[PDB]
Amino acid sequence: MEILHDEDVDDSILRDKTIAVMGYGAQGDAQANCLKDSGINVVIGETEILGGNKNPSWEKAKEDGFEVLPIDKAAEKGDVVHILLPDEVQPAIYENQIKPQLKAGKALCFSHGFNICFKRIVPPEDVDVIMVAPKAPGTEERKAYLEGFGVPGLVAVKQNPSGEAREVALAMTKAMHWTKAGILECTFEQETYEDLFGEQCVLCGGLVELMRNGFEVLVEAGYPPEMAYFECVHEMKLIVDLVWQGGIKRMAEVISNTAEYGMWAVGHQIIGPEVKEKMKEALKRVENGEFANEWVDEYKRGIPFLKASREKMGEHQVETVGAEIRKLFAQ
């Protein structure tokens, strides 16, 4: 399918418009600053006190030069109400702090399709509902913008009572320079499923488990953990950069013939058919709502699995030895 770039998109429609960016975290910080840098009027909706403490994201937004309002006041003010809060808390915050401020002619915007896809938020009929979803972590998205490039993005329109929903959504992507990498138009559901799949199976789940297992195999065989860290973790960035630049082709050219042979002779013995079938099963659970139900129930129960996994992550030798090695860099 077709990829839209700067040459395809008009950003003019944003001249008269205020974007209320709700949540100043990984995506909200990046997107609000890219938007502001591009001359768009932005206000931040944030919560001053969370769990009984000062919310550092409220203080940061202020310090970074934004108008910062309570979410309800931001919503009143925004022509686009762009929800960059954690997915698990959006439905409550939406019901309670956003919805009463919606009015015909506002657009409700997201950067992930989850809450609309799975019907955890069902907006009123007379608001536009759009998605601008970056295929990037927010910190790296901001740096791409600052380097004169951008990250790829997916754009979706669920409701269009204004007639202008698509044009607004695309214009935002252009203002954020995501068009420099490329935009794909899709549905809320499509983005939801691919994105859950990729993070679980490839980018976060897959990557981390691959590196951790390799690291463990070396250490359990008697290799020093520092050596396992350099081989399995530090060098991953250097190899991935070659793929990002020129595909497998470029990476395969630069590595030794020994390594290239090993890649093809042995890689598929490690990550074989069984992995691909497990990926299929995970994708099914994404598509059919089972994974969504699990995550909603997890959050309802006070995220005990997530809390325990975070504590266990930090105890792993890959993390303790990595932190010691990186702290000793002359960088």
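The numbering used is simple: start at 1 and walk along the sequence shown.
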- Message: Please compare 189-197 with 91-99 and say which has the higher mean C-alpha temperature factor in the record.
- Response: 91-99
- Task: Decide which of the stretches 24-32 and 43-51 has the higher mean C-alpha B-factor, going by the entry.
- Result: 43-51
- Could you check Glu235, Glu141, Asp241, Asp126 and tell me which one carries the biggest Cα B-factor in the deposited entry? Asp126
- Message: Going by the CA temperature factor in the PDB record, which third of the chain does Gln245 belong to: lowest, middle or highest?
- Response: middle
- Ranked C-alpha temperature factor of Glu231 among modelled chain residues, by third: lowest
- By the record's CA B-factor, is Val296 among the lowest, middle or highest third of residues in the chain? lowest
- Determine, from the deposited record, the chain-internal third of the Cα B-factor for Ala330: lowest, middle or highest. highest
- Is the Cα B-factor recorded for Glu164 in the lowest, middle or highest third of its chain? highest
